[PDB]
């Protein structure tokens, strides 16, 4: 399938070259997979989600996304226009308040929630969790991410936006999950992207158009935007049967575009997420 005039990041993930604008992908489109977006919530009523999004958990007075961040990330995972995996089921877990903040104890509870809650959902092609969040190093936060991954969920986490080594941030620094840095439309490391040996992969993160609250759209930047590209890609590849939740990060690295990014510090992988779809 071909989506013309797609957001640059979608075109990038199906291309051997920057500078194109059509996204190519197998029509299975993540059908039968599920992606949890652990964030500020999801505006599930947005027409772009087509009834495939729902809130399943909140730790606050509402499950609504009063911020926009979680809706934007969910749109990159799975919205009809802005999403990688256009037929996945999206489940929102609101661990962040409407200011975008959240206590680590709530974030940990949300991760353990997903590990159990997947057993209450129909996801025959597999389960992914997208975590566009983080703070300073915490062994407990890393352990929660490790448990979620161990339970059979492909965990993708943001590297962070400090232009620093991600070893000092969580859950970015957890080795067993998929830690995602950000790139721009010219294949440069995004100016804010964290780096370091703990990164597994880069995805599009600068000037990413997606859904926003109030039934709207906007373009924003961050490793928060790169992470859902990778989460959606994992769901898509799992639906195709090419990989599993336990092996998808490694498979994405195996099949990535290699050596094409600029300003990658020595010792950080130079790998850009790529669906290897042949139309």
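Read-outs throughout are calculated quantities, based only on the coordinates presented, and are distinct from any laboratory measurement. Cβ: placed from backbone, ideal geometry, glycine included. Neighbour counts: every protein chain shown.
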* Structure fact -> Per the C-alpha gyration tensor (a ≥ b ≥ c, the square roots of its eigenvalues), the chain is rounded if a/c is under 1.5, else prolate if a/b beats b/c, else oblate; here it's rounded
* Under the classification rounded if a/c is under 1.5, otherwise prolate if a/b is larger than b/c and oblate if not, where does region 178-279 fall, given a ≥ b ≥ c as square roots of the Cα gyration tensor eigenvalues? -> oblate
* So if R0 is 35 Å, what FRET efficiency would residue 150 and residue 207 give, r being the distance between their Cβ atoms, rounded to the nearest 0.05? -> 0.50
* How large is the helix-only mean residue ellipticity at 222 nm for the chain, computed as the sum of -39500 (n - 2.57) over DSSP H runs with n ≥ 4, divided by its residue count, in deg cm²/dmol to the nearest 500? -> -7000 deg cm²/dmol
* **Segment residue 258-residue 119, length gained on full extension (0.36 nm per residue, minus Cα span)** => 46.4 nm
* To do: Could you list the residues of region 14-47 with an amide nitrogen less than 13 Å from a label point located 7 Å from the Cα of residue 279 in the Cα-to-C-beta direction?
  => 14-16, 20-27
* Report the label-to-label distance for residue 242 and residue 105 in nanometres (one decimal), using points 7 Å from each Cα along the Cα→Cβ vector. => 4.3
* Structure fact -> A chain fully extended from residue 163 to residue 45 at 0.36 nm per residue, minus the present Cα-Cα distance, gains in nm 39.0 nm
* Structure fact -> Note on region 105-187: alpha-carbon gyration tensor, axes a ≥ b ≥ c; rule is a/c under 1.5 for rounded, else prolate if a/b larger than b/c, else oblate; result oblate
* Asked: Between residue 266 and residue 54, what FRET efficiency comes out of the Förster formula 1/(1 + (r/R0)^6) with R0 = 51 Å and r the beta carbon distance, rounded to 0.05?
  -> 0.70
* **Extension reserve of the residue 139-residue 1 stretch, reckoned as 0.36 nm per residue once the Cα distance is removed** => 45.4 nm
* Asked: Under a point spin-label approximation (7 Å from Cα along Cα-to-Cβ), what is the residue 219-residue 197 distance to one decimal in nm?
  -> 3.8
